[PDB]
Amino acid sequence: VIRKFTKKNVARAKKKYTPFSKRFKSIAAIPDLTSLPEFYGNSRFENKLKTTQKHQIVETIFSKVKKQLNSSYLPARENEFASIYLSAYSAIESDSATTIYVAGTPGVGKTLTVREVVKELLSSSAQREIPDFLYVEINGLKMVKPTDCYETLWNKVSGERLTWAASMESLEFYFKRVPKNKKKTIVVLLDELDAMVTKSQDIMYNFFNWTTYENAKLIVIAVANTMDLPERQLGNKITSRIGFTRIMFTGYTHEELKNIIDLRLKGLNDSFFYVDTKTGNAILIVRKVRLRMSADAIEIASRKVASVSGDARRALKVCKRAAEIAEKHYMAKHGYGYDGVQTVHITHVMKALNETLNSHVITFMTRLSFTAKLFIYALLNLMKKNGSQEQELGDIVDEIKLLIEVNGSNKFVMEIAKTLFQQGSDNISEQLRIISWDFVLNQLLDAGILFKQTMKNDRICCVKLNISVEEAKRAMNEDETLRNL
Amino acid sequence: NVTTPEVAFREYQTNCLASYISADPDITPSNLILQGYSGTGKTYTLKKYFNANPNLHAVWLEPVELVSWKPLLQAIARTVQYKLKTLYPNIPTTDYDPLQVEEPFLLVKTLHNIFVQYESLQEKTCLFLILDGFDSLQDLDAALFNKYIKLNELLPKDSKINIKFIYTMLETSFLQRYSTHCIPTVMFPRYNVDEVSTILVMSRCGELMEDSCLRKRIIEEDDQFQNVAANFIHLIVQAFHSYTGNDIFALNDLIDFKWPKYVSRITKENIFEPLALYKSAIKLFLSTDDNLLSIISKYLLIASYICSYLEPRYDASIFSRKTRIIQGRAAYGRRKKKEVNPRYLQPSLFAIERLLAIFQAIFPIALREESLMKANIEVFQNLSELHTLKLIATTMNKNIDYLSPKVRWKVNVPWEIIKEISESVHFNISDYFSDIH
Amino acid sequence: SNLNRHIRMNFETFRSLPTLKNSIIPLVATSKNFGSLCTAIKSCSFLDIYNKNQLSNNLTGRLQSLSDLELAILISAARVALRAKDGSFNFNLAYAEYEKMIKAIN
DNA sequence: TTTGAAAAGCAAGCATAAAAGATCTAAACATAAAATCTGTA
Ligand SMILES: Nc1ncnc2c1ncn2[C@@H]1O[C@H](COP(=O)(O)OP(=O)(O)OP(=O)(O)O)[C@@H](O)[C@H]1O
Ligand SMILES: Nc1ncnc2c1ncn2[C@@H]1O[C@H](COP(=O)(O)OP(=O)(O)OP(=O)(O)O)[C@@H](O)[C@H]1O
Ligand SMILES: [Mg+2]
Ligand SMILES: [Mg+2]
């Protein structure tokens, strides 16, 4: 049989097709799923990334500081914690199904608070004030396909591996028809909810409609970017089912960020270390060296980050970058390689904060060649005369030619005109483009300085500035030649 | 350790190929481009260079045959491993299927799996892949060549087999799209008239001498035979270089078309003097010679041209020939003659009823005879046939509804065909355009 | 020196060391002995030949390869496009301009 | 034989239909590995 095409790279999962609704004779024949071995969850890759170390690696004084400020390793989230814990505890205790909506900007401690609520609920269930529950965590951005959530949650409930439609009907039958005394409470965290939004909103409606079912015993904690995500991207059914009591995670104030950073650096700030002067390795309790990071530097970093975002990740990274800058200067001045008072100062914090604020666009255009600068200058002249914000490339060609032939008494132009139009050579004819014309055009397109229209006619194709005009002029005002003309 | 061949007008290009292509992967670029327009000797120079150096391992691929990017990847995967089997037959290998490659990373994985099984070799060698005509791919986009520039970076550095790419390009703008990559490029400028004359002589005199026609016109009626062949090639170039430009292929085709008719006028008097033979066969050097409906349909096409190249306001002046009972004034016609020459522009759009009105105005002709022409079913059948023949076009080309009033009509044929059509039925269509320009 | 002049030309036009390397490599490779290499690096004439070849398929070099009839048709089409407002033309108007030009020449 | 006067032609300007096409999607057509259903055995 001769095949019209071949699919020779098919990788099919071993997932079954029969849903949960057809594996028992009736509703009254379903056994107690709590007393089942595969149901409700009743790591093999960790050995593969281990090797033998044959060098004693030198950890300086700032190494413990930089390891301390990592996001992987709650003074300011106590009302959000109380609200989420009260709602989840009341839904677990009363065998109720509910939705808890949480939204906020990045890094304001939403996932951390939800996980701490879940850990405290598990601690409460361990000592038997609430019935036992299953915890499922589904991130919408960690799914290859959005329907994989259907494959994930059911696999966490029954231990079976099914396809997504069969998993969806299995979850529907489990939430609607299975009695509450026969099942267990399930708390599901939906993280990055905007990634679970499809064109038809099947998954959103299903997940928030299962919470309206009597027998479901399902608690859905939905974590999102904004308050008005259902009112913008979801229908009125899903917006009605999510509810009206929505939990805001506002950005941190500077006191809260300062308290977070001080609670990180609680045991190592204003402390003493044993440091070997020949190598630089530091041991917490040969010179006794006193480590401090100043509270004024942390304070103003907290004030700047809190004014910008309120992001705890940004504040921790600014402090870690300041520690990295101080450690780089320390290892430079002490001659320390890789195998009395050390202070992370305020100037390091201000160097860390300004490094993402300095703009390399003007610095990049300042160090370009003369022909790229001449291109930019001629484009600025065309934008000055005809005022279009989009100039044809042939107009730029004729404006470059005009600027060369008018300032023909300028000494630099007299020295460089043969370079632009003959590459400094006899036996090379007078060219219609300058030397490195498409080179600087593609260079400015690669940098994102310009936008070029997709046309095959080189003259009437238009080119637009992608950056602001005053920084381009500023960069043109630094040069000694283009200032004169 | 490279032999440099001798190409007659490509010395710089051959020296550049000797500079860039070598058996050492340590001093060979990953990518090399040969850019030039058609008939500039790119393929010829590359074949002579690789024939002069048989130690170089080259794989020749033609992307014009492969058409799309997926058969190009599959062809690379097939031909690389076929060349590696025919190069080192004592190496145990696993035959990977070239149809396993549907994506570029699959090509990277397949090439890695092929190349790791040749690590028993002693010296690092180059495998040259010539993509002769990369921008002749019929499914070409701007992002495809970027995937081939960076392909060596995803392959292992310490391999014994080190793949090197040699690209051939036609268009200058396609090459200038990738100028910031700084790929070494050798350019092949177009030949001038003396160069193409010399190339044509030394590439075609050997088979013009040994043609059976030239050896049958002598017997039935070798330096002098070469003189006749070279004089014919020079006469063809002198007559038709203005027509062909500097195209080798067009002059080759003209030599092929005009050689037997030139042989058929060579007598025993014309063989020893070239001027009398040129006067005898003069007609081959003045012209290139490179070439190969019902009455209702013809008048419908003529009426379509009238509807497409006249204005509807002037129709009441040209075709109206009826006696008036109710008092009324006929149209005066256009006031001044414009100079636009409307037959040089694209045709305008007209409706069905204007077409049928002008058609019965121009169609050839007691109380029951009905002199004029009715728009019965065969006129509409002929019009539908004209639309089937693509002699009448619409604004829509697919999912056309013929019955919509928003569908308009235009003629699809030029003037040089309606002149023959109108003179085939003796209609004076040139009078209708004499009132303008 | 000529080498400093070519470095200065690259600095003003390309400011790219791979661009200079792509010309320096066949200067080194095409030399046959030590004295030829020394003369090549003292003169840098191969750099001029390389720069001429890099522009051989541009608009100027493509215009210089045209025949008389091709140049005449191109000038006629450019005349029709300059007279037109959209810069558009076809074969008929360009042939009319060519035919008028040939009658005014003859 | 004139004669004025209404039908008709030309031109500029602006609102607007319409062509051309860029972008995208649904559906027909096509393959294919794992699960599931018959069907004897
Ligand atoms: N209240 C807090 N106390 C201490 N550290 C905190 C606090 N809030 C946030 N952090 C730190 O910031 C990191 C990021 O927080 P988290 O992952 O909870 O953010 P998020 O609000 O869910 O943001 P995103 O929308 O990007 O997912 C945490 O891993 C932790 O290191
Ligand atoms: N320098 C030359 N010396 C001798 N013959 C030549 C020369 N250049 C070209 N020819 C002849 O003309 C033919 C056309 O050359 P070739 O196929 O190399 O052109 P090309 O530039 O690769 O064309 P294309 O882009 O159309 O593939 C050659 O096959 C050969 O017969
Ligand atoms: Mg989070
Ligand atoms: Mg070729």
Side-chain angles (χ1 to χ4, degrees), chain A residues 1-24 145 147-148 150-151 154-155 158-170 198-202 451-457 460-462, chain B residues 68 70 74 97 99-103 106 139 141-143 308 310-320 322 324-340 342 345-352 354 392-402 404-412 435-437, chain C residues 85-86 88 90:
Chain A
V1 172
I2 300 295
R3 294 179 292 173
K4 305 173 185 180
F5 61 99
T6 54
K7 278 156 90 195
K8 299 218 198 272
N9 283 285
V10 187
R12 196 175 172 90
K14 291 187 185 295
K15 297 177 176 182
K16 272 74 184 170
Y17 312 149
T18 303
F20 191 68
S21 48
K22 303 187 181 72
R23 68 180 65 251
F24 301 111
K145 312 185 233 177
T147 51
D148 273 324
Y150 287 138
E151 293 169 77
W154 180 245
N155 186 253
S158 65
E160 308 170 4
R161 290 174 67 241
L162 307 187
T163 54
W164 77 259
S167 289
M168 171 184 91
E169 319 178 308
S170 303
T198 61
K199 49 177 285 294
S200 78
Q201 299 141 58
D202 289 333
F451 280 156
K452 189 186 176 179
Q453 171 168 33
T454 313
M455 293 177 71
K456 76 159 299 170
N457 193 266
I460 62 170
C461 180
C462 74
Chain B
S68 302
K70 191 170 149 171
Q74 294 163 350
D97 196 30
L99 298 178
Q100 295 297 109
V101 181
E102 293 83 4
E103 287 304 285
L106 288 179
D139 296 307
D141 54 290
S308 286
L310 277 296
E311 292 88 2
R313 50 199 181 227
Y314 307 134
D315 284 328
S317 301
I318 305 179
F319 312 104
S320 292
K322 224 176 164 164
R324 293 181 184 271
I325 302 169
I326 300 305
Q327 63 183 357
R329 297 171 79 158
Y332 303 150
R334 66 183 81 215
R335 182 181 292 175
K336 62 97 175 179
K337 166 177 71 176
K338 56 169 182 38
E339 297 89 26
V340 179
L345 306 85
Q346 293 179 356
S348 169
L349 296 161
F350 58 92
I352 281 295
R354 187 195 170 196
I392 307 290
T394 50
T395 61
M396 294 299 291
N397 51 353
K398 63 184 184 294
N399 217 29
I400 306 158
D401 46 348
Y402 284 118
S404 164
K406 273 86 176 175
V407 175
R408 294 179 67 188
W409 297 94
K410 69 194 171 182
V411 67
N412 209 7
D435 294 330
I436 43 178
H437 61 266
Chain C
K85 300 289 94 175
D86 50 10
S88 297
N90 50 27

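The chains referred to below are lettered A, B, ... by the order of the sequence lines, with proteins before strands, and numbering in each begins at 1. Only heavy atoms go into these numbers, but all of them, side chains included; no hydrogens, no water, no symmetry mates.
For A:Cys462, the side chain to side chain contact (heavy atoms under 4.5 Å, CB included) test picks out A:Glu390, A:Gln453, with sequence neighbours left out. The side chain to side chain contact (heavy atoms under 4.5 Å, CB included) test applied to A:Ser21 returns A:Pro19, A:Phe173, not counting sequence neighbours. Every residue meeting the side chain to side chain contact (heavy atoms under 4.5 Å, CB included) condition with B:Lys410, not counting sequence neighbours, appears here in chain and number order: B:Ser308, B:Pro347, B:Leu349, B:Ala393. Qualifying side chain to side chain donor-acceptor pair (under 3.5 Å) partners for A:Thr454, counting only residues two or more places apart in sequence or in other chains: none. Among residues two or more places apart in sequence or in another chain, the side chain to side chain contact (heavy atoms under 4.5 Å, CB included) test is passed with B:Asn397 by none. Listed by chain and residue number, nothing satisfies the side chain to side chain donor-acceptor pair (under 3.5 Å) test with A:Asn457 (two or more places apart in sequence, or in another chain). With sequence neighbours excluded, no residue satisfies side chain to side chain donor-acceptor pair (under 3.5 Å) with C:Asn90.
Note that CG of B:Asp435 and CD1 of B:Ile318 are 6.5 Å apart. Values are rounded to the nearest 0.5 Å. Between the CZ atom of A:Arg161 and the OG atom of A:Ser167 there is a distance of 10.0 Å, given to the nearest 0.5 Å.
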Polar atoms only, N or O, under 3.5 Å: list the protein pairs with nucleotides 25-28 of chain D and their distances.
none

N/O contacts under 3.5 Å, protein versus nucleotides 10-15 of chain D?
{"residue": "D:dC10", "atom": "OP1", "partner": "B:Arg335", "partner atom": "N", "Å": "2.6"}
{"residue": "D:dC10", "atom": "OP2", "partner": "B:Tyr314", "partner atom": "OH", "Å": "2.6"}

* Could you run down nucleotides 17-24 of chain D 5' to 3' and tag each one B, S or - for protein heavy-atom contact under 4.0 Å? -> -SSS----
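As judged by a 4.0 angstrom heavy-atom cut-off over every strand, B:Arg329 is placed among the base-contacting residues. Contact annotation for A:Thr6: backbone-only contact, meaning every heavy-atom pair under 4.0 Å involves sugar-phosphate atoms and none involves a base.
Counting only heavy atoms from C-beta outward, the side chains of B:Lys70 and B:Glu102 approach each other to under 4.5 Å. Between B:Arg354 and B:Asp315, the closest side-chain pair of non-hydrogen atoms falls below 4.5 Å.
Side-chain atoms of B:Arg408 never come within 3.5 Å of backbone atoms of B:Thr395 as a donor-acceptor pair (strictly under, hydrogens ignored).
In this structure, A:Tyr17 atom OH and D:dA34 atom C1' are separated by 4 Å, rounded to whole Å. Rounded to whole Å, atom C1' of D:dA35 lies 13 Å from atom CZ of A:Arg23. Regarding B:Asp315, its CG atom lies at a distance of 15 Å from the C1' atom of D:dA8, rounded to whole Å. Spacing between atom NZ of A:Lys16 and atom P of D:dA34 amounts to 11 Å, rounded to whole angstrom units. Look at CG on A:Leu162: it is 13 Å from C1' on D:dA34, rounded to the nearest Å.
Using bins of under 30°, 30° to 60° and over 60° for the plane-to-plane angle, the ring pair B:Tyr402/B:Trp409 lands in the parallel bin.
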Output side-chain donor-acceptor pairs under 3.5 Å for residues 326-335 of chain B, partner residues at least two apart or in another chain, one line each.
{"residue": "B:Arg329", "atom": "NE", "partner": "B:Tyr332", "partner atom": "OH", "Å": "3.2"}
{"residue": "B:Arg329", "atom": "NH2", "partner": "B:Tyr332", "partner atom": "OH", "Å": "2.8"}
{"residue": "B:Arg334", "atom": "NH1", "partner": "B:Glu311", "partner atom": "OE1", "Å": "3.3"}
{"residue": "B:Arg334", "atom": "NH2", "partner": "B:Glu311", "partner atom": "OE1", "Å": "3.1"}

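Comparing atom distances between the A:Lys7 side chain and each of D:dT31, D:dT36, D:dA6 picks out D:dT31 as nearest.
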* Asked: In dot-bracket notation, what is the pairing pattern of DNA chain D, taking Watson-Crick (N1-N3 plus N6-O4 or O6-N4) and G-U wobble (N1-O2 and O6-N3) contacts under 3.5 Å, with [ ] crossing and | for other strands?
  -> .........................................
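Mapped onto DNA chain D by nearest heavy atom, B:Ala331 and A:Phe5 fall at different nucleotides, with B:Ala331 at the one closer to the 5' end.
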